[PDB]
Amino acid sequence: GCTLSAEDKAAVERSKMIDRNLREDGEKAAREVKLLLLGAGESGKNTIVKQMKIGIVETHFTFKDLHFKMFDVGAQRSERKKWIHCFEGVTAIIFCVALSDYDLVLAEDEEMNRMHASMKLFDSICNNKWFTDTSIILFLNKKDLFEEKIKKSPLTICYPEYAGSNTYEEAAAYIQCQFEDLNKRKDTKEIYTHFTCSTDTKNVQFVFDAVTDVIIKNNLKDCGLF
Amino acid sequence: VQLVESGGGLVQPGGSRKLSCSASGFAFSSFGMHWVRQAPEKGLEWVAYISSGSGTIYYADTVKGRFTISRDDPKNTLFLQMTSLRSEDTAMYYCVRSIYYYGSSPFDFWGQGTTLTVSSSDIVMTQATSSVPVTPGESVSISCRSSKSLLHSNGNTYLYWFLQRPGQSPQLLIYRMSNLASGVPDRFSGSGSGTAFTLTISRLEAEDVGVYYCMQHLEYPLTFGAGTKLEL
Amino acid sequence: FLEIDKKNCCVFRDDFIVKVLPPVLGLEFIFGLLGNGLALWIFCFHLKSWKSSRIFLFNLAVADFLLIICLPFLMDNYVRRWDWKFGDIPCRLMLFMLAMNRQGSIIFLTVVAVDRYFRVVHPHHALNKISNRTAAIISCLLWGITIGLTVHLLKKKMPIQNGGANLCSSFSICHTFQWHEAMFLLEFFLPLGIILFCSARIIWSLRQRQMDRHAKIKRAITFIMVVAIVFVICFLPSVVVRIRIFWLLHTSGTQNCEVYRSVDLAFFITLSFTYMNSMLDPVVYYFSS
Amino acid sequence: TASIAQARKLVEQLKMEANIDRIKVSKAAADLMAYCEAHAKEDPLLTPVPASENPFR
Amino acid sequence: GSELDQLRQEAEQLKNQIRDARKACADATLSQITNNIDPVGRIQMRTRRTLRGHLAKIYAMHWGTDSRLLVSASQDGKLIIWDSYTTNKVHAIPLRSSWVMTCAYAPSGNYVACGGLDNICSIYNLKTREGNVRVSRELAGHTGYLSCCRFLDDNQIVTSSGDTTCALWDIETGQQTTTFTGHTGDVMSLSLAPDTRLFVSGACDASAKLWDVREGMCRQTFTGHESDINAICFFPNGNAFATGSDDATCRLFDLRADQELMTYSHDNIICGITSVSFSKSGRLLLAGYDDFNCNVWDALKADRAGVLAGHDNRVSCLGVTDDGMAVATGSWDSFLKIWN
Ligand SMILES: Cc1c(C(=O)N[C@H](C)COc2ccccc2)cnc2c(-c3ccc(C(C)C)cc3)cnn12
Ligand SMILES: CC(C)CCC[C@@H](C)[C@H]1CC[C@H]2[C@@H]3CC=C4C[C@@H](O)CC[C@]4(C)[C@H]3CC[C@]12C
Ligand SMILES: O=C(O)c1cccnc1
């Protein structure tokens, strides 16, 4: 405040006000949970958004006084390796997949079916170099129609190396095991699974529980105790 | 964009007053604000300044401790509170906005001001000229001289020129003796160095008659020059 | 043995302190010295994080390094049976540093155990995201309440004649009420009541949530019981003996000093446990985590 | 049947691209040298400016 | 079918003829001719200013044309205008889409531009009578993330998107005037000629193209890399440019002779470049690697002449003033640094 003139000491005050605003607006974006939502297209993403409803697509909701912001990127159709590192600090990845489509094969390639496509995409997004400490909340959808679809035609078509009694609760357990057997970290990553079919207030509670567990762990490793 | 002042009027010798200006059309919360007084048939002089954020307040040595500046930011209003009064306080008060960052132009919009009648070290900036008779169509020059150099180490020299037409409020013409304000014709120009500065008009219209003032802004208080008048 | 410094205090100089205290303090000095120097070096050169919870362990690593350098003078004090050759002024620092780095380690040994409690049972709170400029102010105030209750050890002509020698000791079996003794007991009974509550609720509320199936969070439950296990191993044995001193002073007045002849000796061994913390503090807080 | 249209577009682009004139590489290298040498006295970074007039000192 | 095969064969034989024509015009290399001149000494550059205040990863920056002001953009959701000489903040503009990837400063100082991963390019007006900065225009019409935007003049702007397309926009009306197509993969960067009549683009298909602003057609193509083209920039003479790939290699390409001039690479570098710039005299090529630090190359002998190692994370953006006074680098640790 000695060399400066009278029109160089108001610029400093202006800069200080700018700094105050930047710092005060950056304590609001660290008090909210950022979730990244992924799926296989017509795999229940829209209905899961509808159930817990209040380029890139945005959603914002609240439950038990905790601001969730949820990013959907299903309309991009770009090269995934050129923008996937933007979502590096997300709290969790919500992976919605329907298990009422094991028989229905993909339209593009008549040889293979949609469950295999979902498994490939899960393997690709679960072992990426940017997501080695990010948890995956896995939703299994449309289990109503699965009950009537399994009895008419078994799931051996989708899983040739299977041997079972072709019942609902087994088959669901086998599919859950098959999806969590794709994980290759096992020490810095945990997969949460859930069964849902147009049910209310259960999905949000499950998401809240998984988020609370992730937050507790991330807090425990900032003091070394973990 | 507009500012409207209100609060003036005849006052008793010993008393108080409160003048308020309402500013509509811009972002009042990021604009420093000055008051500027002008005596009847004298030059216009400076009073006080309050900054953005209401942090820094500057007064004149004539009114220090007798005037108070305040700012109601949510409702976009500026107040001046006048405590003790004497005969030499009668004037017209104007409220000027000014925003300071690298490359701005303080003293842009001058307001309109309210009358005020009361019953009954520093730089020296001089305009030895008193009046310049002149006919339209020819160039005119006006001179201003300081008491110490206005050129800082950084190279920016803080000389301001501006014009008051008869019956209106003044409007910035030139800032830092070289830069031209936004909304004035390129006929006007300014130059000089050190302590001697000159303003020039190339083509003279019949709308340029008025009075011209040169001011310095090196350090508070800001000292205004005298009145140099032009006739037709 | 009834001498008068300014009160009616028995003073004993037993021919047993020499054979036991010097070696014990030598081990508690040669190990805590580098044990805390290495920690205080890594905390300022090779650590580039400076979160709001590692500026609460730095204070604990500086409040126990200062109670290591102040040991050898008191070591010499015992090897010569309460003989001070270092004059007056050092005899008022070597009782102020010891009594201000021992209160100032229990304060930063309890802030960590409230930090963790908020980090576990109340996740996404407002206090788990404080800035490291409002976590250094609280450090500068905890360093200011440590000093304010300890400066009276500087405003007292400390060295007293013992007939033949000169003794430098803040602790002595006197008969008038003091503030150093109440502050000896209150620096234990309160932090215990905080640490036990916090370390029990962390363990319970990390267990009704079925979170204790991972192999890295079943390890973090041992190091929460260990921390509360080596706090009663260290600070308790020297509090029961002071309670015994209080009871012996109440039952019988300071009229026959022979009664104390044993207990006082015991105290100056039990108090020697307090300095062992500053030796094994960086091993259960910094390296084993 | 738009594959033939796309191929026609591509071959027309190739027709256009093969209708330019080229110079030897040595002339380009010489022009680079000339521009680098005739301006060596104007950039502070290459020839470090004295610390008495640079504004960032 | 038959027409498809015959036209593919025709394209292949055009490729062969063009390769023969390019080979026939090669007789000397840049190294052989430059073997005569003498090297510049090792360059020692010291961090003068440090610019702090961003709370997240910085993705782009641009220098003003007065070489005193600069603008920076980060995933924080803010766009900041600095003052290099004094380290002050002039303006701080909020954003609607926090997923920003570019920024640009107008060559007259009135407007700025921002955009990315939201399909929209926004034009902000800095000099208003109302005292603040407000969105002047909002251009939409792409179907992919914006990866570069450069002001052509005060009322035109050229953008490149992630749907294999560049586009020229008139800011007043708001509608595309010309559309440049021909790239196969995502287009990652573009750079403008000194006379603003041509520009070059570099895409994710390991090829670069020289467009034409007026007639709106491709003129010439440059291949040779093996991965993405993350950054590109013209030589100050306007008759060459430098490409920065993702396989830890930079190259110098020539316009008048469609050839590879010279390659910048070392065996100790296995990580790809993210930013490329020249020097006012065209003697130093500054390259921003993702091994946490920058590099300086003597751009006439292809030998390193200094290292600007002062950053804690990946280096993303880098730029040199209009008079060679300084050089500013930004990085993913949310810091900007000025070297002389
Ligand atoms: C006697 C005494 C003294 C004392 O110093 N006595 C002199 C040594 C001399 O000792 C005596 C003995 C008997 C008679 C006269 C003096 C200090 N503190 C206490 C306490 C106390 C107990 C707990 C707590 C809380 C748990 C944190 C606080 C204070 C209770 N008594 N008490
Ligand atoms: C992370 C934040 C919440 C930590 C705040 C610390 C507060 C809540 C607690 C932690 C431990 C406490 C201290 C523990 C022991 C003593 C010594 C005693 O003779 C006086 C009180 C005093 C000095 C306590 C004051 C309050 C205290 C400092
Ligand atoms: O720790 C103390 O304050 C102490 C230790 C021994 C003797 N006197 C005082």
# chains A, B, ... in the order shown; residues from 1 in each chain; ligands from 1
>>> residues_around(residues="segment 36-48 of chain D", least_positions_apart="4", cutoff="8 Å", atoms="only C-alpha atoms", output="list in words")
residues 32 of chain D; 40, 43, 279, 280, 281, 282, 283, 284, 323, 324, 325, 326 and 340 of chain E
>>> residues_near_ligand(ligand="ligand 1", cutoff="9 Å", atoms="only C-alpha atoms and all ligand atoms", output="PyMOL selection string")
chain C and resi 172-190+242-243+245-251+253
>>> interface_residues(of="chain B", to="chain A", cutoff="8 Å", atoms="only C-alpha atoms", output="PDB file with N, CA and C atoms, in the first residue's frame")
ATOM      1  N   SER B  51     -16.768   2.903  -1.470  1.00  0.00           N
ATOM      2  CA  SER B  51     -16.318   1.895  -2.417  1.00  0.00           C
ATOM      3  C   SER B  51     -17.276   0.715  -2.470  1.00  0.00           C
ATOM      4  N   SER B  52     -17.041  -0.158  -3.449  1.00  0.00           N
ATOM      5  CA  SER B  52     -17.802  -1.395  -3.550  1.00  0.00           C
ATOM      6  C   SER B  52     -17.496  -2.284  -2.354  1.00  0.00           C
ATOM      7  N   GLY B  53     -18.541  -2.838  -1.747  1.00  0.00           N
ATOM      8  CA  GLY B  53     -18.404  -3.559  -0.504  1.00  0.00           C
ATOM      9  C   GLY B  53     -18.496  -2.698   0.735  1.00  0.00           C
ATOM     10  N   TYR B 100     -13.521   0.739 -10.782  1.00  0.00           N
ATOM     11  CA  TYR B 100     -12.072   0.677 -10.943  1.00  0.00           C
ATOM     12  C   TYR B 100     -11.640  -0.765 -11.174  1.00  0.00           C
ATOM     13  N   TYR B 101     -11.220  -1.055 -12.400  1.00  0.00           N
ATOM     14  CA  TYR B 101     -10.435  -2.234 -12.728  1.00  0.00           C
ATOM     15  C   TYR B 101      -9.547  -1.841 -13.896  1.00  0.00           C
ATOM     16  N   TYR B 102      -8.671  -2.751 -14.311  1.00  0.00           N
ATOM     17  CA  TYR B 102      -7.690  -2.376 -15.322  1.00  0.00           C
ATOM     18  C   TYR B 102      -8.360  -2.063 -16.653  1.00  0.00           C
ATOM     19  N   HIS B 152       2.875   8.750 -12.924  1.00  0.00           N
ATOM     20  CA  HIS B 152       3.293   7.745 -11.961  1.00  0.00           C
ATOM     21  C   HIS B 152       4.398   6.871 -12.553  1.00  0.00           C
ATOM     22  N   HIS B 217      -6.420  12.748 -10.297  1.00  0.00           N
ATOM     23  CA  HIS B 217      -6.860  11.667  -9.427  1.00  0.00           C
ATOM     24  C   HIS B 217      -5.656  10.870  -8.924  1.00  0.00           C
ATOM     25  N   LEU B 218      -4.535  11.551  -8.664  1.00  0.00           N
ATOM     26  CA  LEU B 218      -3.372  10.879  -8.094  1.00  0.00           C
ATOM     27  C   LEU B 218      -3.648  10.398  -6.679  1.00  0.00           C
ATOM     28  N   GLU B 219      -4.280  11.238  -5.866  1.00  0.00           N
ATOM     29  CA  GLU B 219      -4.461  10.933  -4.459  1.00  0.00           C
ATOM     30  C   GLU B 219      -5.606  11.771  -3.918  1.00  0.00           C
ATOM     31  N   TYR B 220      -6.386  11.178  -3.028  1.00  0.00           N
ATOM     32  CA  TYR B 220      -7.447  11.918  -2.374  1.00  0.00           C
ATOM     33  C   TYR B 220      -6.835  12.933  -1.410  1.00  0.00           C
TER      34      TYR B 220
END
>>> residues_near_ligand(ligand="ligand 3", cutoff="7 Å", atoms="only C-alpha atoms and all ligand atoms", output="number ranges by chain")
C: 74, 95, 98-99, 168-171
>>> residues_near_ligand(ligand="ligand 2", cutoff="9 Å", atoms="only C-alpha atoms and all ligand atoms", output="number ranges by chain")
C: 53, 56, 103-104, 106-116, 118, 127-128, 135, 138, 141-142, 145-146, 149, 182-188, 190-191, 194
>>> write_last_selection(atoms="C-alpha atoms", output="CSV table (one decimal), in the first residue's frame")
chain,number,residue,atom,x,y,z
C,53,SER,CA,-6.8,-33.7,10.3
C,56,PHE,CA,-3.9,-32.0,14.6
C,103,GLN,CA,-0.9,-31.3,29.3
C,104,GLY,CA,-0.3,-30.3,25.7
C,106,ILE,CA,-3.3,-35.0,26.2
C,107,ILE,CA,-5.2,-32.2,24.5
C,108,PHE,CA,-4.0,-33.3,21.0
C,109,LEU,CA,-4.5,-37.0,22.1
C,110,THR,CA,-8.2,-36.2,22.6
C,111,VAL,CA,-8.9,-34.0,19.6
C,112,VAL,CA,-8.1,-36.9,17.3
C,113,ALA,CA,-10.5,-39.1,19.2
C,114,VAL,CA,-13.4,-36.6,18.5
C,115,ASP,CA,-12.3,-36.1,14.9
C,116,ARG,CA,-12.7,-39.9,14.3
C,118,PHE,CA,-17.5,-37.4,13.9
C,127,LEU,CA,-17.5,-30.3,10.8
C,128,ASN,CA,-15.8,-33.0,8.6
C,135,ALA,CA,-8.1,-25.8,12.0
C,138,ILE,CA,-8.1,-23.9,17.1
C,141,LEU,CA,-6.0,-21.6,21.0
C,142,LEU,CA,-5.3,-25.1,22.4
C,145,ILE,CA,-4.9,-22.8,27.1
C,146,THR,CA,-2.0,-25.2,27.6
C,149,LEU,CA,-2.6,-22.9,33.2
C,182,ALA,CA,-6.0,-30.9,40.8
C,183,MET,CA,-4.7,-30.3,37.3
C,184,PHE,CA,-2.7,-33.6,37.6
C,185,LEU,CA,-6.0,-35.5,38.2
C,186,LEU,CA,-8.3,-33.5,35.9
C,187,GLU,CA,-6.0,-34.0,32.9
C,188,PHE,CA,-6.7,-37.8,33.3
C,190,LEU,CA,-11.8,-36.0,31.8
C,191,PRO,CA,-10.0,-37.1,28.6
C,194,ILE,CA,-14.2,-38.6,26.3
>>> closest_atom_pairs(of="chain E", to="chain D", cutoff="7 Å", atoms="only C-alpha atoms", output="JSON lines")
{"residue": "E:3", "atom": "CA", "partner": "D:4", "partner_atom": "CA", "distance": 6.3}
{"residue": "E:4", "atom": "CA", "partner": "D:4", "partner_atom": "CA", "distance": 5.4}
{"residue": "E:7", "atom": "CA", "partner": "D:7", "partner_atom": "CA", "distance": 6.0}
{"residue": "E:8", "atom": "CA", "partner": "D:7", "partner_atom": "CA", "distance": 6.9}
{"residue": "E:11", "atom": "CA", "partner": "D:11", "partner_atom": "CA", "distance": 5.6}
{"residue": "E:14", "atom": "CA", "partner": "D:14", "partner_atom": "CA", "distance": 6.6}
{"residue": "E:18", "atom": "CA", "partner": "D:18", "partner_atom": "CA", "distance": 6.3}
{"residue": "E:25", "atom": "CA", "partner": "D:24", "partner_atom": "CA", "distance": 5.4}
{"residue": "E:26", "atom": "CA", "partner": "D:25", "partner_atom": "CA", "distance": 5.9}
{"residue": "E:27", "atom": "CA", "partner": "D:25", "partner_atom": "CA", "distance": 6.6}
{"residue": "E:28", "atom": "CA", "partner": "D:26", "partner_atom": "CA", "distance": 5.6}
{"residue": "E:29", "atom": "CA", "partner": "D:25", "partner_atom": "CA", "distance": 6.6}
{"residue": "E:30", "atom": "CA", "partner": "D:29", "partner_atom": "CA", "distance": 5.5}
{"residue": "E:33", "atom": "CA", "partner": "D:29", "partner_atom": "CA", "distance": 6.9}
{"residue": "E:48", "atom": "CA", "partner": "D:56", "partner_atom": "CA", "distance": 6.4}
{"residue": "E:85", "atom": "CA", "partner": "D:56", "partner_atom": "CA", "distance": 6.0}
{"residue": "E:219", "atom": "CA", "partner": "D:17", "partner_atom": "CA", "distance": 6.2}
{"residue": "E:220", "atom": "CA", "partner": "D:17", "partner_atom": "CA", "distance": 5.9}
{"residue": "E:256", "atom": "CA", "partner": "D:22", "partner_atom": "CA", "distance": 6.0}
{"residue": "E:257", "atom": "CA", "partner": "D:22", "partner_atom": "CA", "distance": 5.1}
{"residue": "E:280", "atom": "CA", "partner": "D:43", "partner_atom": "CA", "distance": 5.8}
{"residue": "E:281", "atom": "CA", "partner": "D:39", "partner_atom": "CA", "distance": 5.5}
{"residue": "E:282", "atom": "CA", "partner": "D:36", "partner_atom": "CA", "distance": 5.7}
{"residue": "E:283", "atom": "CA", "partner": "D:36", "partner_atom": "CA", "distance": 6.3}
{"residue": "E:323", "atom": "CA", "partner": "D:43", "partner_atom": "CA", "distance": 6.6}
{"residue": "E:324", "atom": "CA", "partner": "D:43", "partner_atom": "CA", "distance": 5.0}
{"residue": "E:325", "atom": "CA", "partner": "D:44", "partner_atom": "CA", "distance": 5.6}
{"residue": "E:340", "atom": "CA", "partner": "D:45", "partner_atom": "CA", "distance": 6.3}
>>> closest_residue(among="B:89, B:67, B:204, B:41", to="residue 12 of chain B", atoms="only C-alpha atoms")
B:89
>>> residues_around(residues="residue 18 of chain C", least_positions_apart="6", cutoff="8 Å", atoms="only C-alpha atoms", output="PDB file with N, CA, C and O atoms, in the first residue's frame")
ATOM      1  N   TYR C  78      18.793 -36.759  38.992  1.00  0.00           N
ATOM      2  CA  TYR C  78      18.563 -37.945  39.852  1.00  0.00           C
ATOM      3  C   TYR C  78      19.880 -38.652  40.087  1.00  0.00           C
ATOM      4  O   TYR C  78      20.054 -39.142  41.187  1.00  0.00           O
ATOM      5  N   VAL C  79      20.781 -38.659  39.117  1.00  0.00           N
ATOM      6  CA  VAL C  79      22.024 -39.402  39.288  1.00  0.00           C
ATOM      7  C   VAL C  79      22.860 -38.839  40.428  1.00  0.00           C
ATOM      8  O   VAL C  79      23.751 -39.525  40.941  1.00  0.00           O
ATOM      9  N   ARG C  80      22.587 -37.607  40.850  1.00  0.00           N
ATOM     10  CA  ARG C  80      23.300 -36.990  41.959  1.00  0.00           C
ATOM     11  C   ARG C  80      22.416 -36.785  43.182  1.00  0.00           C
ATOM     12  O   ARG C  80      22.762 -35.983  44.055  1.00  0.00           O
ATOM     13  N   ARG C  81      21.282 -37.486  43.259  1.00  0.00           N
ATOM     14  CA  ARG C  81      20.406 -37.480  44.431  1.00  0.00           C
ATOM     15  C   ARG C  81      19.917 -36.066  44.756  1.00  0.00           C
ATOM     16  O   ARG C  81      20.189 -35.513  45.823  1.00  0.00           O
TER      17      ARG C  81
END
>>> residues_around(residues="residue 285 of chain C", least_positions_apart="3", cutoff="12 Å", atoms="only C-alpha atoms", output="number ranges by chain")
A: 223-225; C: 35-36, 39, 54, 56-58, 60-61, 108-109, 112-113, 220, 223-224, 226-228, 230, 277-282, 288-289
>>> interface_residues(of="chain E", to="chain A", cutoff="7 Å", atoms="only C-alpha atoms", output="PDB file with N, CA, C and O atoms, in the first residue's frame")
ATOM      1  N   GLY E  53      -6.657 -19.541  -7.402  1.00  0.00           N
ATOM      2  CA  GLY E  53      -8.049 -19.205  -7.182  1.00  0.00           C
ATOM      3  C   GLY E  53      -9.030 -20.172  -7.815  1.00  0.00           C
ATOM      4  O   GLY E  53     -10.201 -20.205  -7.430  1.00  0.00           O
ATOM      5  N   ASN E  88      -4.022  -9.753 -10.463  1.00  0.00           N
ATOM      6  CA  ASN E  88      -5.351  -9.385 -10.003  1.00  0.00           C
ATOM      7  C   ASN E  88      -6.408 -10.090 -10.840  1.00  0.00           C
ATOM      8  O   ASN E  88      -6.129 -10.657 -11.897  1.00  0.00           O
ATOM      9  N   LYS E  89      -7.643 -10.036 -10.357  1.00  0.00           N
ATOM     10  CA  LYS E  89      -8.790 -10.573 -11.070  1.00  0.00           C
ATOM     11  C   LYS E  89      -9.678  -9.426 -11.526  1.00  0.00           C
ATOM     12  O   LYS E  89     -10.125  -8.618 -10.707  1.00  0.00           O
ATOM     13  N   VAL E  90      -9.928  -9.359 -12.827  1.00  0.00           N
ATOM     14  CA  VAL E  90     -10.770  -8.329 -13.416  1.00  0.00           C
ATOM     15  C   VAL E  90     -12.231  -8.757 -13.439  1.00  0.00           C
ATOM     16  O   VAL E  90     -13.107  -8.027 -12.977  1.00  0.00           O
ATOM     17  N   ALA E  92     -15.007 -12.390 -13.190  1.00  0.00           N
ATOM     18  CA  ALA E  92     -15.256 -13.802 -12.910  1.00  0.00           C
ATOM     19  C   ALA E  92     -16.680 -14.117 -13.341  1.00  0.00           C
ATOM     20  O   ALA E  92     -17.637 -13.679 -12.697  1.00  0.00           O
ATOM     21  N   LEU E 117     -18.913 -30.162 -24.278  1.00  0.00           N
ATOM     22  CA  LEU E 117     -19.639 -31.295 -23.700  1.00  0.00           C
ATOM     23  C   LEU E 117     -21.101 -30.957 -23.402  1.00  0.00           C
ATOM     24  O   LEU E 117     -21.770 -31.654 -22.634  1.00  0.00           O
ATOM     25  N   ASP E 118     -21.614 -29.901 -24.026  1.00  0.00           N
ATOM     26  CA  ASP E 118     -23.002 -29.506 -23.849  1.00  0.00           C
ATOM     27  C   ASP E 118     -23.618 -29.144 -25.197  1.00  0.00           C
ATOM     28  O   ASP E 118     -24.829 -28.927 -25.275  1.00  0.00           O
ATOM     29  N   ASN E 119     -22.822 -29.136 -26.268  1.00  0.00           N
ATOM     30  CA  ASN E 119     -23.201 -28.944 -27.666  1.00  0.00           C
ATOM     31  C   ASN E 119     -23.443 -27.483 -28.029  1.00  0.00           C
ATOM     32  O   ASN E 119     -23.893 -27.209 -29.146  1.00  0.00           O
ATOM     33  N   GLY E 144     -22.252 -32.887 -30.818  1.00  0.00           N
ATOM     34  CA  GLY E 144     -21.103 -33.446 -30.131  1.00  0.00           C
ATOM     35  C   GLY E 144     -20.375 -32.352 -29.386  1.00  0.00           C
ATOM     36  O   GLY E 144     -20.578 -31.162 -29.631  1.00  0.00           O
ATOM     37  N   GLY E 162     -17.162 -32.597 -31.693  1.00  0.00           N
ATOM     38  CA  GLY E 162     -16.930 -34.014 -31.553  1.00  0.00           C
ATOM     39  C   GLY E 162     -17.817 -34.895 -32.397  1.00  0.00           C
ATOM     40  O   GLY E 162     -17.953 -36.083 -32.103  1.00  0.00           O
TER      41      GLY E 162
END
>>> residues_around(residues="residue 165 of chain B", least_positions_apart="4", cutoff="9 Å", atoms="only C-alpha atoms", output="mmCIF file with N, CA and C atoms, in the first residue's frame")
data_model
loop_
_atom_site.group_PDB
_atom_site.id
_atom_site.type_symbol
_atom_site.label_atom_id
_atom_site.label_comp_id
_atom_site.auth_asym_id
_atom_site.auth_seq_id
_atom_site.Cartn_x
_atom_site.Cartn_y
_atom_site.Cartn_z
ATOM 1 N N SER B 169 -25.918 18.566 -16.567
ATOM 2 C CA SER B 169 -24.860 18.027 -15.731
ATOM 3 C C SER B 169 -23.659 17.638 -16.590
ATOM 4 N N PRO B 170 -22.451 17.687 -16.033
ATOM 5 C CA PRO B 170 -21.255 17.421 -16.839
ATOM 6 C C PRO B 170 -21.182 15.964 -17.271
ATOM 7 N N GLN B 171 -20.329 15.723 -18.261
ATOM 8 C CA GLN B 171 -20.167 14.402 -18.840
ATOM 9 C C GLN B 171 -18.710 14.201 -19.222
ATOM 10 N N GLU B 207 -23.012 23.310 -30.461
ATOM 11 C CA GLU B 207 -23.412 22.510 -29.313
ATOM 12 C C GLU B 207 -22.303 22.354 -28.282
ATOM 13 N N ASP B 208 -21.102 22.850 -28.568
ATOM 14 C CA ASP B 208 -19.948 22.660 -27.700
ATOM 15 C C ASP B 208 -19.743 23.794 -26.706
ATOM 16 N N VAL B 209 -20.593 24.820 -26.723
ATOM 17 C CA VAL B 209 -20.425 25.937 -25.803
ATOM 18 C C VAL B 209 -20.738 25.478 -24.384
ATOM 19 N N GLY B 210 -19.900 25.887 -23.437
ATOM 20 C CA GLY B 210 -20.061 25.456 -22.061
ATOM 21 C C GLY B 210 -18.835 25.815 -21.247
ATOM 22 N N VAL B 211 -18.579 25.014 -20.214
ATOM 23 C CA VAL B 211 -17.419 25.194 -19.346
ATOM 24 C C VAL B 211 -16.671 23.871 -19.243
ATOM 25 N N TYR B 212 -15.345 23.944 -19.211
ATOM 26 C CA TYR B 212 -14.494 22.765 -19.184
ATOM 27 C C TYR B 212 -13.700 22.705 -17.885
#
>>> select_by_dssp(residues="segment 153-191 of chain B", states="strand (DSSP E)", output="list in words")
residues 159, 160, 161, 162, 163, 164, 171, 172, 173, 174, 175, 179, 180, 188, 189, 190 and 191 of chain B
>>> interface_residues(of="chain A", to="chain C", cutoff="8 Å", atoms="only C-alpha atoms", output="CSV table (one decimal) with N, CA and C atoms, in the first residue's frame")
chain,number,residue,atom,x,y,z
A,31,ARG,N,-20.7,-30.2,-0.9
A,31,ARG,CA,-21.6,-30.7,0.1
A,31,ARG,C,-22.7,-31.4,-0.6
A,212,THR,N,-24.0,-43.6,1.9
A,212,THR,CA,-23.5,-43.4,3.3
A,212,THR,C,-22.3,-44.3,3.6
A,213,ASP,N,-22.3,-45.5,3.1
A,213,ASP,CA,-21.2,-46.4,3.3
A,213,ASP,C,-19.9,-45.8,2.6
A,215,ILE,N,-19.3,-42.7,1.8
A,215,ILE,CA,-18.8,-41.5,2.5
A,215,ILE,C,-18.1,-41.9,3.8
A,216,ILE,N,-18.6,-42.9,4.5
A,216,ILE,CA,-17.9,-43.3,5.7
A,216,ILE,C,-16.5,-43.8,5.4
A,219,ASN,N,-14.2,-40.9,4.5
A,219,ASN,CA,-13.9,-40.2,5.7
A,219,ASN,C,-12.8,-40.9,6.5
A,220,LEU,N,-12.9,-42.2,6.6
A,220,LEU,CA,-12.0,-43.0,7.4
A,220,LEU,C,-10.6,-43.0,6.8
A,222,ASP,N,-9.2,-40.4,5.3
A,222,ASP,CA,-8.5,-39.1,5.4
A,222,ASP,C,-7.9,-38.8,6.7
A,223,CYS,N,-8.0,-39.7,7.7
A,223,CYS,CA,-7.3,-39.6,9.0
A,223,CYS,C,-6.3,-40.8,9.2
A,224,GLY,N,-6.1,-41.6,8.1
A,224,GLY,CA,-5.3,-42.7,8.2
A,224,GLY,C,-5.9,-44.0,8.9
A,225,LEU,N,-6.9,-43.8,9.7
A,225,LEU,CA,-7.4,-44.9,10.4
A,225,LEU,C,-7.9,-46.1,9.5
A,226,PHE,N,-8.2,-45.8,8.3
A,226,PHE,CA,-8.7,-46.8,7.4
A,226,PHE,C,-7.5,-47.5,6.7
>>> select_by_dssp(residues="segment 157-222 of chain A", states="helix (DSSP H, G or I)", output="ChimeraX atom specification")
/A:157,168-180,202-220
>>> residues_around(residues="segment 176-185 of chain A", least_positions_apart="2", cutoff="8 Å", atoms="only C-alpha atoms", output="PyMOL selection string")
chain A and resi 119+122-123+126-127+132+172-174+187-189+191+193
>>> residues_around(residues="segment 173-175 of chain E", least_positions_apart="5", cutoff="8 Å", atoms="only C-alpha atoms", output="PyMOL selection string")
chain E and resi 137-139
>>> write_last_selection(atoms="C-alpha atoms", output="PDB file, in the first residue's frame")
ATOM      1  CA  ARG E 137     -25.172 -15.086 -27.986  1.00  0.00           C
ATOM      2  CA  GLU E 138     -25.746 -18.829 -27.637  1.00  0.00           C
ATOM      3  CA  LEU E 139     -24.919 -20.822 -30.770  1.00  0.00           C
TER       4      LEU E 139
END
